[PDB]
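This report concerns only the one structure given below.
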Amino acid sequence: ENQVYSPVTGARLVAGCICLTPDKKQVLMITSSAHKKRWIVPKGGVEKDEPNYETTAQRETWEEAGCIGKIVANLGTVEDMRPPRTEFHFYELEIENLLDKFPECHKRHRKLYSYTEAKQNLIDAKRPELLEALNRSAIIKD
Ligand SMILES: Nc1ncnc2c1ncn2[C@@H]1O[C@H](COP(=O)(O)OP(=O)(O)OP(=O)(O)OP(=O)(O)OP(=O)(O)O)[C@@H](O)[C@H]1O
Ligand SMILES: Nc1ncnc2[nH]cnc12
Ligand SMILES: [Ca+2]
């Protein structure tokens with residue numbers, strides 16, 4: 001298979017982006033494939049040939065959200081509390097372009113959100129680890 005695991009905890013290694021607008025007032029969220037009313041952020045499994053997390057992160061942001069930007073920060077890691085099953089590596093991305101067409105554009109909705117709506121969405125989705133990643137970002141909370 002094409003899936004990499006932590007040799008310590010055996011958690012699944014995943015990378016994603018907090019995609020922020022230049023003014024940093026909004027963050028890009030996508031609907032989940034499993035729970036279609038739930039809003040999350042682009043992320044996905046690292047595969048064996050990928051040389052770094054940034055690669056996985058930018059791949060998944062393209063694939064899942066049709067977003068292209070530059071990585072402006074490493075937001076560190078966050079684990080899963082449901083040992084852990086998933087170790088996430090997050091980066092902040094400045095959005096340079098949102099393309100109307102992208103691999104998953106038929107199986108996923110996508111929208112910008114202020115800090116406040118995004119926080120509620122992630123509590124509604126029950127993803128505190130993703131909210132922690134969002135809180136480490138330079139998003140404006142006002
Ligand atoms: N708190 C949590 N921590 C870790 N994993 C959690 C989770 N809650 C659900 N999942 C589990 O992660 C997978 C993706 O669900 P998701 O986060 O809603 O993502 P998604 O369904 O939008 O994306 P998928 O197409 O399922 O892809 P994955 O994120 O599994 O990874 P992949 O892109 O490399 O296939 C599912 O099997 C789900 O049960
Ligand atoms: N990058 C980070 N990782 C873990 N805890 C943090 N608290 C603030 N920034 C953090
Ligand atoms: Ca995914």
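Simple scheme: letters A, B, ... for chains in structure tokens order, numbers from 1 for residues in each chain, numbers from 1 for ligands in the order shown.
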Practice problem: Pick out the residues no farther than 9 Å from ligand 1, counting only C-alpha atoms and all ligand atoms, and list them as an NGL selection string. | Solution: :A and (2-3 or 12 or 14-15 or 30-36 or 38-47 or 60 or 63-64 or 79-82 or 84-88 or 108 or 125-130)
Quiz prompt | Residue neighbourhood residue 89 (chain A), 8 Å, only C-alpha atoms, exclusion window fewer than 4 positions, as a PyMOL selection string | solution = chain A and resi 13-16+53+75-78
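Nearest-residue note for residue 118 (chain A): choosing from A:11, A:19, A:27, A:68, the minimum distance belongs to A:27, counting only C-alpha atoms.
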Self-check item: Interatomic distance, CA of residue 141 (chain A) to CA of residue 117 (chain A) (Å, one decimal)
Solution: 10.4 Å
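Counting only C-alpha atoms and all ligand atoms, the residue from A:74, A:106, A:96, A:114 that sits nearest to ligand 2 is A:74.
As for atom 6 (C, counted along the ligand's line) of ligand 2 and CA of residue 18 (chain A), they are spaced 14.9 Å apart.
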Self-check item: In region 16-121 of chain A, DSSP helix (DSSP H, G or I) residues written as a count of residues only
Solution: 20
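The closest residue to residue 137 (chain A), picked from A:24, A:52, A:113, A:58 and counting only C-alpha atoms, is A:24.
Atom 4 (C, counted along the ligand's line) of ligand 2 sits 22.2 Å away from CA of residue 25 (chain A).
When only C-alpha atoms and all ligand atoms are used to compute distances to ligand 3, the closest of the residues A:8, A:65, A:20, A:123 turns out to be A:65.
Using only C-alpha atoms and all ligand atoms, the smallest distance between any of A:121, A:91, A:100, A:115 and ligand 2 comes from A:91.
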Pull the strand (DSSP E or B) assignments for chain A out of DSSP run on the backbone, and list those residues as a CSV table (one decimal) with C-alpha atoms, in the first residue's frame.
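Result file part-v8.csv:
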chain,number,residue,atom,x,y,z
A,5,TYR,CA,3.3,4.9,9.8
A,12,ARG,CA,-0.7,7.0,10.4
A,13,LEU,CA,1.5,10.0,9.2
A,14,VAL,CA,-0.8,12.7,7.7
A,15,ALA,CA,0.0,16.3,6.5
A,16,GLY,CA,-2.3,19.2,5.7
A,17,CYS,CA,-2.7,23.0,5.3
A,18,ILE,CA,-4.4,25.8,7.1
A,19,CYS,CA,-5.0,27.9,3.9
A,20,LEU,CA,-5.4,31.6,4.8
A,27,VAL,CA,-9.5,30.1,6.1
A,28,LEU,CA,-10.4,27.6,3.4
A,29,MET,CA,-12.6,24.7,4.5
A,30,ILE,CA,-13.8,21.7,2.6
A,31,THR,CA,-16.7,19.3,3.4
A,39,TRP,CA,-16.5,21.1,7.4
A,40,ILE,CA,-12.7,20.3,7.7
A,43,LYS,CA,-5.0,16.9,4.8
A,44,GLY,CA,-4.0,13.3,3.8
A,45,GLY,CA,-1.7,10.4,4.3
A,67,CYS,CA,-5.8,25.6,-3.8
A,68,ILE,CA,-2.3,26.7,-4.7
A,69,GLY,CA,-0.2,28.9,-2.4
A,70,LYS,CA,3.1,29.2,-0.6
A,71,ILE,CA,3.8,27.5,2.7
A,72,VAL,CA,4.5,30.5,5.1
A,73,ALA,CA,4.8,28.5,8.4
A,74,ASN,CA,5.2,25.1,10.0
A,75,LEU,CA,2.3,24.7,12.5
A,76,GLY,CA,4.0,21.6,14.1
A,77,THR,CA,2.1,18.4,14.9
A,78,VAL,CA,-1.2,17.3,16.7
A,79,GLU,CA,-2.1,13.8,17.6
A,86,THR,CA,-3.0,9.6,13.5
A,87,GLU,CA,0.0,12.0,13.8
A,88,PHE,CA,-0.8,15.2,11.8
A,89,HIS,CA,1.8,17.7,10.4
A,90,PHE,CA,0.3,21.1,9.6
A,91,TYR,CA,1.6,24.1,7.6
A,92,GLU,CA,0.0,27.6,7.1
A,93,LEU,CA,-0.4,28.3,3.4
A,94,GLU,CA,-1.0,31.8,1.9
A,95,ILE,CA,-3.6,31.3,-0.9
A,96,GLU,CA,-2.4,32.5,-4.3
A,97,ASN,CA,-5.1,30.8,-6.4
A,98,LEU,CA,-8.3,28.8,-6.0
A,110,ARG,CA,-15.3,24.3,-0.5
A,111,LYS,CA,-15.6,27.8,1.2
A,112,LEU,CA,-13.8,30.5,3.0
A,113,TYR,CA,-14.7,31.2,6.7
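The shortest atom-to-atom distance to ligand 3, with only C-alpha atoms and all ligand atoms taken into account, belongs to A:104 out of A:50, A:104, A:23, A:1.
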